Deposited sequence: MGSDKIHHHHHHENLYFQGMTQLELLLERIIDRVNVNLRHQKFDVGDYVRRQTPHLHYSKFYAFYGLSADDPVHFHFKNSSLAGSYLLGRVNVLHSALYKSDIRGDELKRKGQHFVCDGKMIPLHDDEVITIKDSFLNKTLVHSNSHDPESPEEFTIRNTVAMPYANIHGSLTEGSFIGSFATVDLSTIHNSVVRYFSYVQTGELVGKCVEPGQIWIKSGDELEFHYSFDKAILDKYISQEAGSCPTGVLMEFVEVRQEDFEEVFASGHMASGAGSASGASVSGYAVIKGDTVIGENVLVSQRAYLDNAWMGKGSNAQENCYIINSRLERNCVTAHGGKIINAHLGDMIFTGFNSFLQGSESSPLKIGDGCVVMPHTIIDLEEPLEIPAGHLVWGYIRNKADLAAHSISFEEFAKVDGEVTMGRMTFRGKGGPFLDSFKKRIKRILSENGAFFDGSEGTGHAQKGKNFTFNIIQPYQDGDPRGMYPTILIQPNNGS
């Protein structure tokens, strides 16, 4: 027969597949593996406990192997493998969901509910931005691959590829493939191929970029039945070890999680926030800067007020005042080819800078795509000053934009500003173990954790 876990996976596969059926996309070989009951029972999982935030966890008929969960989370008939479910931004009862001048009071504390889903090394963060569900950040009938980001995005009946990002969007019965970024409000019954960057707000704003596959695949790709490969993968994996070490484990206004890696000649300035799963190596953090979960900052200097979003990687770079580095960005200079970024620049999500020569980006530029040199930069950037005049359609190679450039640019300024603001929490991670043998091996029993009266 099949073990409970082997059966659990097949049922998830089947539920996801029926929902995705119109996309003729089979998740099976992305999920399915060798005697997982044996692989999974090897692992603990961890749940956060805080004196200051009332606990809620409900784990029912699931596996959690190697996962960390924080906040209020239900895991139902699911399998989470080395994922991070971060419910620290979830709203509380009596708080309001605000929408186009309406305010909807929450009946109950917001929870993250994961149901009939398989999440592999996936980060789930922020909260519900869909007024259909203000009390629940629902992920159901979903598969997500390594280093995916489900950021403030209700997801159902969908597939989220490796290093794919879904941002403040409702995802319904859709495929978002590796290294694709989606911020569209809603994505319904779609198939987004790999290496697409897509922003869409209303009917007067739309940005699209598309990576040359031949180039992208070197950094990240994945084939069904096999796990992801490429530079980005090597990069994160080769460092996961150092994260282990730090788990087992001076500047005014600064906060540095114990759950961050801090390495070499790192200098933490004032008002600097370094969150968990942040990785700093020889990092000079200028006043006001903010490293976020799952970002890497290496042999770099950030002058001031720089925000690095989740999955953001910065190597051998010098950043000025208030640079915003988007999701999953790979900004690699070297010692022979240093990278400079001028004040106020916005580096769009999923930007890959991999220098062959020294490069300096001038202040007040919007940057995207693939950049190795000066020519590439010219083909993959524009100044705020020029772009802010745009009212219509612009094409620059693999990039198209439709709408007003001013408000677009402003959407990014507001976002860094809000992060730097809000930015300016006492808890530990408790162990949870699975069945060690027999049929239920690798499964966790039905567990309900809550506060004492």
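Missing from the model, relative to the deposited sequence, are the ranges 1-18, 268-275, 451-465, 495-496.
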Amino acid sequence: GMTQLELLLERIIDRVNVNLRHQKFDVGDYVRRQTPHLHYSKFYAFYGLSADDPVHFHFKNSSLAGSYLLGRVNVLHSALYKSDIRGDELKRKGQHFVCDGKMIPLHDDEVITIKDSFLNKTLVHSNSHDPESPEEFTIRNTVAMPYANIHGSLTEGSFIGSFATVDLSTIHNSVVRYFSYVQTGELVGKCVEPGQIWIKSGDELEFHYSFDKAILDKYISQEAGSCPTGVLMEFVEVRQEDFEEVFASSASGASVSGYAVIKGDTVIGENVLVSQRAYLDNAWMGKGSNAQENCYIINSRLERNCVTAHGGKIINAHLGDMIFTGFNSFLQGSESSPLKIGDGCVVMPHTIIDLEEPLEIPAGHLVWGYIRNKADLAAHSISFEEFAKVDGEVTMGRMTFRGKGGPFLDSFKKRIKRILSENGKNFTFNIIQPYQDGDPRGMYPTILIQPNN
From here on, numbers count along this sequence of modelled residues.
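Averaged over CA atoms, B-factors in the entry run higher in 426-434 than in the other of 12-20 and 426-434. Looking at 363-371 and 257-265 together, the entry lists the larger mean B-factor for 257-265, computed on C-alpha atoms. As recorded in the entry, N271 carries the highest CA temperature factor of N271, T142, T170, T165.
Across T400, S67, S41, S62, the entry's maximum B-factor at the CA atom is seen for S41. Among all modelled residues in this chain, the alpha-carbon of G342 has a temperature factor (C-alpha) in the middle third. Among the modelled residues of its chain, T113 has a C-alpha B-factor that falls in the lowest third, as given in the PDB entry. Placement of the Cα temperature factor of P36 within the chain: highest third of the modelled residues, per the deposited record. Sort the modelled residues of the chain by CA B factor and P54 lands in the highest third. The PDB entry assigns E89 a C-alpha temperature factor belonging to the middle third of its chain's modelled residues.
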